[PDB]
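Contents: one structure, followed by commentary.
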Amino acid sequence: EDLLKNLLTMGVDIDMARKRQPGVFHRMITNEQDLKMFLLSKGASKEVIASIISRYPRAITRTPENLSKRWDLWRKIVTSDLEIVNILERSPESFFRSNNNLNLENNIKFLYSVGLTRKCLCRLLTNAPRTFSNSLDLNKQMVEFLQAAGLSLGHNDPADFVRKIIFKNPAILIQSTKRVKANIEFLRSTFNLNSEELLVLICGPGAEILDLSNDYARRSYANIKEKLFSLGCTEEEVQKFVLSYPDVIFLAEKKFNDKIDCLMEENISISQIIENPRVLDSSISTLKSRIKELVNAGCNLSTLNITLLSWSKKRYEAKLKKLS
DNA sequence: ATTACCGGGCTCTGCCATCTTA
DNA sequence: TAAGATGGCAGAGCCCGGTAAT
């Protein structure tokens, strides 16, 4: 009975919460009060508490003992309470979606047993907290899948391939093996691709490809290929371009296209673009802004070296002064 | 003194489908 | 036999600056 009333004084969006987990509003006992006091005990602001509960109401069904034990386990990894508060604000579900603190502890044991330093577990928890609410078995599957994948290619010690991929791509343990498998095959098929070049790509620049959603990678590449083809780039040129900087796959089709167009409308050649792929890191606003400034100065951007388009504020702004 | 090469930082959440479990 | 627990899915950039090369 007191439930709807407390949620209100707490500042919860009751309508949104009700829609997300209706079953929580049919329980006889709930612990919203204790939770609030618990999170307040740890620095969490009243608004964050309200936002947390709004998004994952089942949070109010946990006891003070479970919460404190779970929190203490996380503090075996993260050094401060404030680091945990921020995590919970970003993702309430990693903390609250399980009550199984034994499983959590076994995850921590298993990850250590995989050879990860405590700083590495910290990186994982901060970047992909969900990793810690996975079942042990699920975290195992991924690690095994990766070992098997590591050696199935030319890798001299798979357990170390695992750690390299995890560092480079913190999100890898919260992807399905199906997804990652597909992304590896996509990479192999689309490009050359001999194992030793596949490894480098995977452990290096092409690491974050691994967590792309099905068919989102294939589709982004297709768009890049089409757009570049329409501009008189050959397939080998396209390939070289993407492999030189696979981050470009991450952009949405329209944004990629728009970004090309915004450059070339100022008479930058497609060649200048694909030979300096980092310019595609800069936002359209930043590109447009700097282009204006440059042309607004003596520059004929047709023959200028455009690498500055992606330099830091400091480095760009300095070169600009000099250009006048 | 300036540019190239290159890695690393920020923060994969929030929803739904399918199982377990009591 | 309803909740809770769990797996898994879609979506999508921008910036900085250390250090090597020139």
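Just so you know, these numbers use all the heavy atoms, side chains as well, and skip hydrogens, waters and symmetry mates. First the proteins, then the strands, lettered A, B, ... as listed; each starts at 1.
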Give the nucleotide from the list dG9(B), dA5(C), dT13(B) with an atom nearest to the side chain of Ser91(A).
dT13(B)

For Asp281(A) and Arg278(A), run salt bridge (charged side-chain N to carboxylate O under 4.0 Å, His left out): C-alpha distance rounded to whole Å, both residues' side-chain angles, the deciding distance at 0.1 Å, then the answer.
CA-CA 5 Å; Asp281(A) 272 345; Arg278(A) 297 308 201 94; 3.4 Å; yes

Can you tell which of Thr63(A), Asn66(A), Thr61(A) makes a side-chain hydrogen bond (donor to acceptor under 3.5 Å, both in side chains) with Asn99(A)?
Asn66(A)

Using whole Å, report how far CZ of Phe95(A) lies from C1' of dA5(C).
17 Å

Which residues in residues 127-139 of chain A have a heavy atom closer than 4.0 Å to any atom of DNA chain B?
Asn127(A), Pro129(A), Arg130(A)

For DNA chain C, which consecutive runs of 3 or more Watson-Crick or G-U pairs (each distance under 3.5 Å) count as stems?
B:1-10 with C:13-22, B:13-19 with C:4-10

Do neighbours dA10(C) and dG11(C) have base six-rings closer than 5.5 Å at the centres and tilted less than 30° apart?
yes

Classified through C1'-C2'-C3'-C4' with positive north and negative south, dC10(B) counts as south

Can you confirm if the aromatic rings of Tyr221(A) and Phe191(A) lie within a centre distance of less than 6.0 Å?
yes

Is any side-chain N or O of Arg27(A) under 3.5 Å from a base N or O of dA2(C), one able to act as donor and the other as acceptor?
no

Mark yes or no: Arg18(A) above the aromatic ring of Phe25(A), with NZ or CZ under 6.0 Å from the six-membered ring centre and no more than 45 degrees from the axis.
yes

Closest nucleotide of DNA chain B for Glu89(A) versus for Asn86(A): which of these residues is on the 5' side?
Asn86(A)

Side chain of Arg97(A) only, please: which of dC12(B), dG8(C), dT19(C) is the nearest?
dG8(C)

Is the NZ or CZ atom of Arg123(A) positioned over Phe167(A)'s six-membered ring, under 6.0 angstrom from the centre and within 45° of the axis?
yes

Please check if the distance between the ring centroids of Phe95(A) and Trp71(A) is under 6.0 Å.
yes

Just to be sure I understand the rule, does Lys19(A) reach a base, reach only the sugar-phosphate, or reach nothing, if contact means heavy atoms closer than 4.0 Å?
nothing

How is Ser94(A) classified with respect to the nucleic acid when contacts are heavy atoms under 4.0 Å: base, sugar-phosphate, or nothing?
nothing

Please work out if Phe167(A) contacts a base, only the sugar-phosphate, or nothing of the nucleic acid, heavy-atom cut-off 4.0 Å.
sugar-phosphate

